[PDB]
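Novice: Okay, here's the structure, questions in a sec.
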2 protein chains.
Amino acid sequence: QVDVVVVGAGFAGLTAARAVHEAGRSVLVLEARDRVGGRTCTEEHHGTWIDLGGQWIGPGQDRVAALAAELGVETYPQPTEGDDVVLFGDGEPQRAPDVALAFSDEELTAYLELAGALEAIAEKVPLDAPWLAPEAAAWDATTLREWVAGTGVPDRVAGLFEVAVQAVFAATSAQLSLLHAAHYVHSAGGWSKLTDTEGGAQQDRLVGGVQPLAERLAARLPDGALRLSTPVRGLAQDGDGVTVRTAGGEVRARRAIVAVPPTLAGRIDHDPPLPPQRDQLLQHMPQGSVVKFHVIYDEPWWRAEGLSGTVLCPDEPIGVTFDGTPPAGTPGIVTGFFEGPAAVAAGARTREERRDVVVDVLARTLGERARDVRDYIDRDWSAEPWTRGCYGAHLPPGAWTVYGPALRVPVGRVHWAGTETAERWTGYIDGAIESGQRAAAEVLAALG
Amino acid sequence: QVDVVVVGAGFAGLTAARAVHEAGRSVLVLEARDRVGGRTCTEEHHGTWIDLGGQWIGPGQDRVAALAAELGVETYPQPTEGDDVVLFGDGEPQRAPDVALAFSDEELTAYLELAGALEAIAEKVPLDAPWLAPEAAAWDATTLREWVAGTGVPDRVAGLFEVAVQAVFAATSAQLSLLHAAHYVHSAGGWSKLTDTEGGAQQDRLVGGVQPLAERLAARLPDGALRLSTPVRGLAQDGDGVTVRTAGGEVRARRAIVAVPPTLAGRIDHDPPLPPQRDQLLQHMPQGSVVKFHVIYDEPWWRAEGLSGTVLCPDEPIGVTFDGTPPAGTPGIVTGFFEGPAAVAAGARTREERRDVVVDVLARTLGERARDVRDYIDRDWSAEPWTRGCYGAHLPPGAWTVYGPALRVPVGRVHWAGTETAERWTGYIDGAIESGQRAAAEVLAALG
Ligand SMILES: *Cc1cc2c(cc1C)nc1c(=O)[nH]c(=O)nc-1n2C[C@H](O)[C@H](O)[C@H](O)COP(=O)(O)OP(=O)(O)OC[C@H]1O[C@@H](n2cnc3c(N)ncnc32)[C@H](O)[C@@H]1O
Ligand SMILES: *Cc1cc2c(cc1C)nc1c(=O)[nH]c(=O)nc-1n2C[C@H](O)[C@H](O)[C@H](O)COP(=O)(O)OP(=O)(O)OC[C@H]1O[C@@H](n2cnc3c(N)ncnc32)[C@H](O)[C@@H]1O
Ligand SMILES: CCCCCCCN
Ligand SMILES: CCCCCCCN
Ligand SMILES: [Mg+2]
């Protein structure tokens, strides 16, 4: 019998396990995959790191910044220089030093006042209990899309906002409750924190990619504490402890931290069954839909033409791109995402068909040199059996107020972690770490 | 190796198994519970049958009516006589021959216009492909609640409509896409079909209850075909067949029919993993929330006072009640439901606490004789590990159009049944039977 069994070796589970270990308690981490890092995943291709999962940290994210520095991982800045390209429907691509300046002054004002109005709502949503917002009943019964329509903003402003919503939530404004969206914005500290490079969540990358930072965190655990390729199938509990069932046998512990995406937490064979409010909360916490890609070129040819590599296309299957070129300056990489419906359509197609769609959008925005592609590497996180969608869960209307209060509440000896349980930077690596710190503190207090 | 393995001995699984068997193919039915019937469940108490799950059949439910006839189960009518009682907030209870006649003629007109307008939308929704409705994109981007507000119907009319929505869907109008609600209404053949007793889904009951009809259907299988208390944990397939994993070992078949609620279908360990569109569809098909109760009296005392035993209290935790007394005329039974948010709140309390809430509402509406209770029997279907909510799944905005197309499509040698896959009377016993007939036909075509 160990003191704590942790299910999942994402940043949440590894953070929880290292905190239990450093407090001097015994811990076992059971991870389904043959690797740590979960929704962060780094592969070596073309002599550089390819982050197929989470890759960016920003200066409001104190826990991931501290962990990167603690474990000796260097950061590099997300390229900021060069013109952005904006494309609307059947129109001509517009170059501009910033995407802001491809709109009228009235449009930019309306966009910024829209963002300001969502932040006004967001500030009133308690980070620990969104269901206790004074207008929780109204806001949880409204989609974000209905709220956008009530502002009366023009089409091109609603369209620009929709690109940003899909890039942040991996879901459309019609899928999200306003209460969910507003909580998420509060959790990040504002709309510009979610959307911006400089000053925001996309400011910095890790030299060598993000999975190696998870490997360094796992290296703080003693030999034998981490079991890879060991999916948790069952979690039974009684008055004395918890019994974990794997294909390979049984693990006994005093307490458990389950640190997996909500959909996957509900699929475990719990004995006794989870209480109905928490089972149905997980039924109401669907993962997002994103396909992340890296288009590889021999060089970042767009830089020589004064382009940043960022395109913004509210009408295309790809909404937003970034220059993903490493500090060495080769190979050239354009990084981007299919989001929401576009992700589900693209996920049903082949890699070559997704490549063709991306290259076609880049050809019409960056230029026809985009068709001379060296390689194209992508990942549909919906098709990952141990994730079942990035970046994280969202809550549709009605879910936060009725089922939401069960989110973090322990069920006897089974405690909960995962970015979806964080108060600050929920949905990000930074919130995954927060959740592991919180769950570890709970379990250590409960052991006696 | 049997020709077909069926997962689940609900009406859908049992119907599929009997159709495969009658075509001369070998079949095994693996059922998790110690009984058949699934979301139908009958217990003997006070010398009568208590239907804890599905209980009613009505006109236009041709498949369940034919099955009842075939297997020798007689119907008895849902009592229709006596005054209904309507109560708003802290007002006086209103007696009326019908719920209709507790409202002004302007209110009734507005209600019937609202019902008519939803039926018009419904008739445009293809029963086999709701996502191919010409306005599918707009209808799936709206909640039913937003649509109700857009009609401009008065608030007290929207409030009465909301009671009906929660009674039918076991969910609020804010949880449902308009496209989902429209499809469901088309599937039933109209609003009146869903809400009415005489002429609608609540018209008739089965003598002896519904589980015995499932037991008679299961008795048409050869000895040894049905295995009870055998939860399916895994379902593997290759080019040659399927392998079912249970606690006890492995069952091989050529093809599988999975006939369980969507949430439970996603928790099976599929090898290969389900395609991402179907996995994420199940994440977007949460079960409703209902606690169904029967209050038992020595006699149906309300009949002698000219009361039907139906109360309608939009501002109380319980929805519509019904005279649940059997044809013998004793014991007296009041049947009713906690629905949606009220069901989630009620599920977290004890049976005795739910009893006290029900009895206080009945005392206020039927009178003080409602406190003279013999017994109180209820079931929280959210707490049932092999259902995880009644009556069935609903779909939030964005789900039908983006993920919905994966609903019925076989995945290699694995076919899908369950009421949630029915075209006609989806959500009812009648649709469960349809889905079983359809899945059997697909598997028989594939074997031959
Ligand atoms: C997928 C993704 C995520 C992402 C992103 C882009 C994509 C495509 N961009 C990000 C970014 O640039 N910066 C950032 O901060 N976040 C970004 N995100 C999100 C981020 O990756 C996640 O928020 C974070 O990684 C989540 O961490 P958490 O520890 O909460 O969850 P996890 O990584 O999913 O780990 C769970 C582990 O559990 C294992 N598992 C699942 N089921 C089981 C069972 N039954 N038994 C045992 N183990 C299980 C998983 O394999 C995983 O390792
Ligand atoms: C719960 C309920 C349902 C209901 C209703 C009232 C309540 C409280 N009132 C109804 C009514 O008056 N008239 C009517 O026509 N329907 C009513 N409903 C709905 C109705 O009961 C359902 O639509 C229908 O019974 C569903 O049948 P179906 O065959 O599709 O589904 P099921 O009954 O849930 O059966 C599934 C079986 O699968 C077993 N199970 C689940 N998981 C597993 C695994 N992993 N392995 C093996 N077996 C599994 C279940 O135990 C179940 O028996
Ligand atoms: C416009 C910014 C999009 C950010 C996508 C990554 C979220 N982790
Ligand atoms: C208004 C009717 C209430 C009963 C619904 C039962 C659904 N099968
Ligand atoms: Mg009547």
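Going through the structure tokens in order, the chains are called A, B, and so on, while each chain numbers its residues from 1 and the ligands are numbered from 1 in the order shown.
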At most 12 Å is the cut-off: for each residue in chain A with any atom that close to an atom of ligand 2, write down the nearest atom pair and the distance in Å rounded to one decimal, counting only C-alpha atoms and all ligand atoms, chain first then increasing number, as CSV.
Specialist:
```
residue,atom,partner,partner_atom_place_in_ligand_line,distance
A:267,CA,ligand 2,45 (N),10.5
A:268,CA,ligand 2,45 (N),11.8
A:269,CA,ligand 2,45 (N),10.3
```
Novice: Write the residues of the preceding selection, restricted to N, CA and C atoms, as a PDB file, in the first residue's frame.
Specialist:
```pdb
ATOM      1  N   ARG A 267     -14.829   7.444 -17.524  1.00  0.00           N
ATOM      2  CA  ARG A 267     -14.748   6.116 -18.161  1.00  0.00           C
ATOM      3  C   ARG A 267     -14.102   5.097 -17.213  1.00  0.00           C
ATOM      4  N   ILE A 268     -13.398   5.541 -16.195  1.00  0.00           N
ATOM      5  CA  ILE A 268     -12.863   4.592 -15.182  1.00  0.00           C
ATOM      6  C   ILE A 268     -14.040   3.898 -14.483  1.00  0.00           C
ATOM      7  N   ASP A 269     -13.846   2.624 -14.157  1.00  0.00           N
ATOM      8  CA  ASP A 269     -14.780   1.788 -13.383  1.00  0.00           C
ATOM      9  C   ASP A 269     -14.638   2.159 -11.909  1.00  0.00           C
TER      10      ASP A 269
END
```
Novice: Please check the contacts: residues of chain A at most 7 Å away from chain B, using only C-alpha atoms, listed as a VMD selection string.
Specialist: chain A and resid 141 174 to 175 263 267 273 275 to 277 283 to 284 286 341 344 382 to 383 385 396 to 398 402
Novice: Any idea what's packed within 10 Å of residue 442 of chain A, counting only C-alpha atoms, ignoring anything in its chain fewer than 5 positions away? Could you give it as a PyMOL selection string?
Specialist: chain A and resi 257+410+415-416+436-437+447
Novice: Quick one: write out the picked residues with C-alpha atoms as an mmCIF file, in the first residue's frame?
Specialist:
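Below is the file selection-v5.cif, written as the result:
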```cif
data_model
loop_
_atom_site.group_PDB
_atom_site.id
_atom_site.type_symbol
_atom_site.label_atom_id
_atom_site.label_comp_id
_atom_site.auth_asym_id
_atom_site.auth_seq_id
_atom_site.Cartn_x
_atom_site.Cartn_y
_atom_site.Cartn_z
ATOM 1 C CA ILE A 257 -5.544 11.837 -7.306
ATOM 2 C CA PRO A 410 -13.320 14.911 -3.397
ATOM 3 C CA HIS A 415 -9.399 13.666 -5.267
ATOM 4 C CA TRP A 416 -9.379 15.540 -8.587
ATOM 5 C CA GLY A 436 -1.560 19.368 -8.973
ATOM 6 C CA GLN A 437 -0.347 21.697 -6.140
ATOM 7 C CA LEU A 447 -3.825 11.546 5.245
#
```
Novice: I want to know what sits within 9 Å of residue 228 of chain A, based on only C-alpha atoms, with residues of the same chain fewer than 2 positions away left out; could you give that as JSON, numbers by chain?
Specialist: {"A": [9, 29, 30, 31, 32, 33, 34, 35, 36, 226, 230, 231]}
Novice: With chain B laid on chain A by least squares, using all C-alpha atoms in order, how large is the RMSD?
Specialist: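 The C-alpha RMSD comes out at 0.3 Å.
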